[PDB]
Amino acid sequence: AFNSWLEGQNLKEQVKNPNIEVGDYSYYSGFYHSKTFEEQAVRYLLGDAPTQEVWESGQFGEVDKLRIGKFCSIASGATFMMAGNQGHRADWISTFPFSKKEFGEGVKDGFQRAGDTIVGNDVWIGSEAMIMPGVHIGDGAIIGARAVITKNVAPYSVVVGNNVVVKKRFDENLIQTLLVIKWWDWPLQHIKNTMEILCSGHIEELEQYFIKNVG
């Protein structure tokens, strides 16, 4: 797994679940939680080891998948909760998932999909954070450690605690310029050339390089 906490495992090369969509360079640094990204960070997703056979038989059908963009930093212990409500329905008299074996016919399947969990590009997710099912995280967003995300996260927003939005990393205009140029989609050599600008707050410099050289 991880020999040290200075280690960062590339995700697109490793993940095998046909329901986890990762981008380039995105990594999971989970040394202090031992297990890999697919058996510790992604939870209750059909198409894994302990669940592979059940997924290949096609018993449950289509699933909610996890999509992660490029240049994402996923810290140790971060958790992506899938499988939606897992059969529990608060609007029903009972939240207990009765089984047809023990309780016969008339058992209505309470499961209902919550939608795909989508993580944008250049997203930093803090250690031991937890994402709820069906949550969209915009590009450039930052998730604090031990945060519990229940709602969609605006791009370049910073969210702490139990879905407390602190601030946006930049002015709204500059945020929209970054959302238009999309440096993460650039060819590698352009990113290598503009790395000095990327290691800075000078957004409009990056925009000028984009207009002159990329777009």
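So that there is no doubt, residue numbering starts at 1 and follows the sequence shown.
Visitor: Which wins on mean Cα temperature factor, 100-108 or 117-125?
Guide: Comparing 100-108 with 117-125, the higher average CA B-factor belongs to 100-108.
Visitor: Report the stretch with the higher mean CA temperature factor, choosing between 185-193 and 151-159 on the basis of the entry.
Guide: Comparing averages over the C-alpha atoms only gives 185-193.
Visitor: Of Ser26, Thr177, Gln40, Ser57, which one's C-alpha B factor is largest in the deposited record?
Guide: Reading the PDB entry, the winner on C-alpha B-factor is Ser57.
Visitor: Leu66's Cα B-factor: lowest, middle or highest third of the chain?
Guide: Answer is middle: the recorded C-alpha B-factor places it there.
Visitor: Among all modelled residues of this chain, ranked by Cα B factor, put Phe170 in the bottom, middle or top third, i.e. lowest, middle or highest.
Guide: Bottom third by C-alpha B-factor.
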